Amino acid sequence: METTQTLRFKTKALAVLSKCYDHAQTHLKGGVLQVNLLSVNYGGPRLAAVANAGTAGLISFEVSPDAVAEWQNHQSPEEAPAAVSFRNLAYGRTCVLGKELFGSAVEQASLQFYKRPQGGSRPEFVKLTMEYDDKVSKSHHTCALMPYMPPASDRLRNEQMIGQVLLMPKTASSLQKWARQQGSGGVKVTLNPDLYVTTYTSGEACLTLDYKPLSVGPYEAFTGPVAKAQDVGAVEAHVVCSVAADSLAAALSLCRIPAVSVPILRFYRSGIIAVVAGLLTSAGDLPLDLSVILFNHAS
């Protein structure tokens, strides 16, 4: 058995995300764990819990490379994949890997991808192992990788961000509730730079949220921790997005992590939207990049 790649995290790195994972736990359960190698020499490897949200949404519970302690790709650059991924809910078992992985009592978490010496050009298995606080307890999980998929966190690299608005906790819940009220319907999201307003409509139903302008462009907004939670926004263009009410509801929920993050809506020139979890200055330097992509939903 040969090792294709080795990935190991720093002491207790992933444990600080324990509560964050718990918040997203229910949505991440039926998804998959995925390590993005496609960005190894672009910051480092990126492990992420990836799953669906609603009728047209993709969650990416991603860990910043800052959490990585050692990376090793033993395959020729040309053989290694852009990404490997196994399913979060391990084969047969009752244990959800993401839960154990992002556990708070884990000192060292690490992954090892293997293949059989003979036939097979790409990794075929992964071996997660978590070593706990007690300096005594270990857990090793051997799983089969899945049919290759691109890095979830790769679908927006060529997209153009025309603005993003921070949603104050109450506003977020308010929207999140409205979205839920719309069931399996669609929501037409409207960004109006002129009116400093974001609008959502689903049939006759409707909802309007105002926002204070930031005398700065999209890409220069919310670059660091969110020091204040207020309905603020940096928009530089109009746009209408057709998303699924249910996906929007799940996103707003997941990105508002108690005492940790507040939802930030990122608008793209194409009809696409990405609800991002803006980290509060309080919740320290969590190596988290949580987002949910709202795909185009034909109503």
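All residue numbers refer to positions in the sequence shown, first residue = 1.
A summary of the deposited B-factors shows that, of 131-139 and 150-158, the stretch with the larger mean C-alpha value is 150-158. According to the PDB record, 115-123 carries the higher mean C-alpha B-factor of the two stretches 169-177 and 115-123. Set against one another, the Cα B-factors of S261, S247, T26, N36 in the record reach their highest point at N36.
Taking the deposited Cα B-factors for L209, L214, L101, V189, the highest one is held by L214. Residue-level temperature factors show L195 in the highest third of its chain, judged at the C-alpha atom. Ranked by C-alpha B-factor against the other modelled residues of its chain, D22 falls in the lowest third.
In this PDB entry, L7 carries a Cα temperature factor that places it within the middle third of its chain's modelled residues. Among the modelled residues of its chain, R266 has a C-alpha B-factor that falls in the lowest third, as given in the PDB entry. When the modelled residues of the chain are ordered by their C-alpha B factor, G284 lands in the highest third.
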